[PDB]
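Throughout, PDB author numbering is defined as the position within the sequence shown, counted from one, plus 8.
Working notes for the structure below.
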Amino acid sequence: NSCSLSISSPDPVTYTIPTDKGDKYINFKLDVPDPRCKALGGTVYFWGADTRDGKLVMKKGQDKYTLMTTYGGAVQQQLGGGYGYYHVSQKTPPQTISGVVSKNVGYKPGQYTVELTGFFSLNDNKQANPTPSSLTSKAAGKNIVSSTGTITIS
Numbered sequence: 009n010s011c012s013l014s015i016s017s018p019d020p021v022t023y024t025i026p027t028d029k030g031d032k033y034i035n036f037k038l039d040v041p042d043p044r045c046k047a048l049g050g051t052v053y054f055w056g057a058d059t060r061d062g063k064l065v066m067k068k069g070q071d072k073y074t075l076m077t078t079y080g081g082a083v084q085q086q087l088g089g090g091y092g093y094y095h096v097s098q099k100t101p102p103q104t105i106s107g108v109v110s111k112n113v114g115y116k117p118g119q120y121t122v123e124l125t126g127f128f129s130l131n132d133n134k135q136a137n138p139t140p141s142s143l144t145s146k147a148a149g150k151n152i153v154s155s156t157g158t159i160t161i162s
């Protein structure tokens with residue numbers, strides 16, 4: 009089938025910097041419709057502009073910062089981030105992506121924008137687990153989505 013993951017970031021996340029290393033996660037609400045597409049395993053693959061592989065970047069105006077974004081939500085244990093996929097069933101809820109700020113920095117206050125993709129690798133006709141090798145042609149044929157959320161530094 010032909011399906012994609014939603015991207016809904018619910019307003020800027022409030023980054024509390026109590027001790028600089030406070031750290032917080034920015035939530036992007038991803039969701040794949042049609043249980044038929046989800047039945048494959050609806051593997052969640054996302055990437056932004058982070059410095060490691062591409063995860064997320066907080067940017068406002070001319071201030072873009074690359075942070076190590078590793079997501080949770082429903083991720084398998086902790087194997088997340090770029091190429092961090094989970095096993096979605098036809099009855100699995102939307103997949104939430106969480107972005108982690110460079111807590112080694114302690115950025116300056118501001119409402120930054122975070123760019124994220126987050127498609128699901130669809131296999132069709134299997135109902136078990138999609139092929140991660142399909143990521144090699146990610147932009148080709150696959151319904152890669154992209155949105156921009158927000159991070160309020162505090």
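Backbone N, C-alpha and C define an ideal beta-carbon position, used for all residues, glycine too.
*Given that a residue counts as buried once 16 or more other Cβ atoms are within 10 Å of its Cβ, and exposed if not, what is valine 113?*
exposed
*Locate the alpha helix (DSSP H) running through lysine 46, then write down its first and last residues.*
43-46
*Using CA coordinates, which residue listed in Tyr93, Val109, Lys99 is at the minimum distance from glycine 30?*
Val109
*asked:* Buried or exposed for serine 129, going by 16 or more other Cβ atoms inside 10 Å?
replied: buried
_Residue nearest to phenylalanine 54 in terms of C-alpha spacing, selected from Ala147, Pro18, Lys67, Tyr115_ = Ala147
*Let me know if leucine 38 comes out buried or exposed under the rule of 16 or more other beta-carbons within 10 Å of its beta-carbon.*
buried
*Could you check if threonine 78 is buried or exposed, using at least 16 other CB atoms within 10 Å of its CB as the buried criterion?*
buried
*Which ranges would you report for the beta strand (DSSP E) in the segment 97-132 if only whole runs of at least 3 residues count?*
103-108, 118-124, 127-129
*At least 3 beta-carbon pairs within less than 8 Å: the segment 61-68 vs the segment 121-136*: yes
*Since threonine 22 and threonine 160 are thought to touch, with beta carbons under 8 Å apart, how far apart are those beta carbons, to the nearest angstrom?*
5 Å
_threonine 51 beta carbon near the ligand ATP (any heavy atom closer than 8 Å)_ = Judged by which ligands are present, the structure shown has none, so any question about the ligand ATP falls away.
*With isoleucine 34 and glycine 107 assumed to form a contact (beta carbons below 8 Å), what rounded beta-carbon distance in angstroms separates them?*
4 Å
*How many angstroms separate the CA atom of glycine 80 from the CA atom of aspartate 42?*
23 Å
*Simplified DSSP state of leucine 13, which is helix, strand or coil*: coil
*Pair within 9 Å by beta-carbon distance, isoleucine 15 and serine 154*: yes
_Buried/exposed call for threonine 24, threshold 16 Cβ in 10 Å_ = exposed
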